[PDB]
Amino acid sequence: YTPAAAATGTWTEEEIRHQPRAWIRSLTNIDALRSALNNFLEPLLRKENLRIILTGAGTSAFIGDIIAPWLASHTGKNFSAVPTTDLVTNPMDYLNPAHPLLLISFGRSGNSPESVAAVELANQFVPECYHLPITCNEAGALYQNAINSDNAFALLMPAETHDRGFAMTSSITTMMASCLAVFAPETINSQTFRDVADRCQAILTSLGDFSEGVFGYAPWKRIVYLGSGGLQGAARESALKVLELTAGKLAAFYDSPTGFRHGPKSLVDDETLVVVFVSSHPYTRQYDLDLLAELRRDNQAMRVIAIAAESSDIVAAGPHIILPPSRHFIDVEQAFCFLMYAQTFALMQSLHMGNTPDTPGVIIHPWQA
């Protein structure tokens, strides 16, 4: 997984390119920590009333949006996603004193004040409270606070994932892969996830030096990413990347294909790029493809791009990207592949407009006065 040279000279490009290698590094770390993790988590997961909340701010909030439903379904446990920004402003709406809680806290720096504030609020509100921070900065407040507790097991990501770029890349993907591997090791582990790393390395290789812009370049003023279920979380992250790296010059939006029909589709104009992240689950994929057919037929957008594992007549009919050949991926695995395109697209839009992509607040109030 050796990265090619970062010809743009940005940290962001380096951080995109070092992702496949970072992912496998993280999962081999989890293998080394597996007994310790099981000894911490197994007694918790045996509590039938356990709530597990995945929490982060900004990009870190989207990890939960992508994986929490899959984890709930897969494990049969009570996994949900609540951003740290909602926990901090409205703790009473989300923290239930009547059940035990395991709070999975994500942080690239670990220094957003909301990260430690949410942990403290959880401890205040929930009598039987446990923590698994997953973080990229050993020196961060979030990790430092956790080592200073006995209800916490903090998991450090590989050092290179402490992204220096303003926009998170390897931090989000590595934390997401790590969370998946912690709770679903039978499915996502240091062996199976090599297929995901290999395919994402192939995606990056397929894009060469990135100079052709991934989706190209055009005077679009609006971008919309669409994905079903948890892939909507990937669409949200993809939109935020565009927005951050273009300093808001390109307006960005996200939705699910089916949700998009209920009003939001009015945003599509002849200066709009629409990108569809097509599900690999055939039942779900039908809905993605029906919407793709509609968007192609509508003739409103500047460009409609389908990104899919499988080529089909509607996918191939207009602008499209077929993922490199691989085994069947489930949608949480596909999320990594889609993000490779969205990250690289956003980087190159930023550069093309002459921006500096690496460089393109909150006061915590106590619950008790």
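The numbering used is simple: start at 1 and walk along the sequence shown.
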- Count, per the entry, the deposited residues between residue 360 and residue 361 that are not modelled, and return the matching class: none, 1 to 3, 4 to 9, or 10 or more. 10 or more
- Message: Please compare 239-247 with 149-157 and say which has the higher mean C-alpha temperature factor in the record.
- Response: 149-157
- Item | Of 330-338 and 32-40, the stretch whose C-alpha atoms average the higher B-factor in the entry | 32-40
- Message: Per the entry's Cα B factor values, which of 169, 228, 78, 112 stands out as the maximum?
- Response: 112
- Query: When the CA B-factors of 193, 217, 254, 277 are compared as recorded in the entry, which is the largest?
  - Reply: 217
- Task: Looking at the entry's B-factor column for C-alpha atoms only, identify whether residue 210 ranks in the lowest, middle or highest third of its chain.
- Result: highest
- Chain thirds by Cα B factor, record data; residue 144 belongs to the highest
- Just say lowest, middle or highest third for the CA B-factor of residue 188 relative to the other modelled residues in its chain. middle
- Query: What third of its chain's C-alpha B-factors does residue 173 belong to: lowest, middle or highest?
  - Reply: lowest
- Query: With respect to C-alpha B-factor, does residue 165 fall in the lowest, middle or highest third of the chain as deposited?
  - Reply: highest
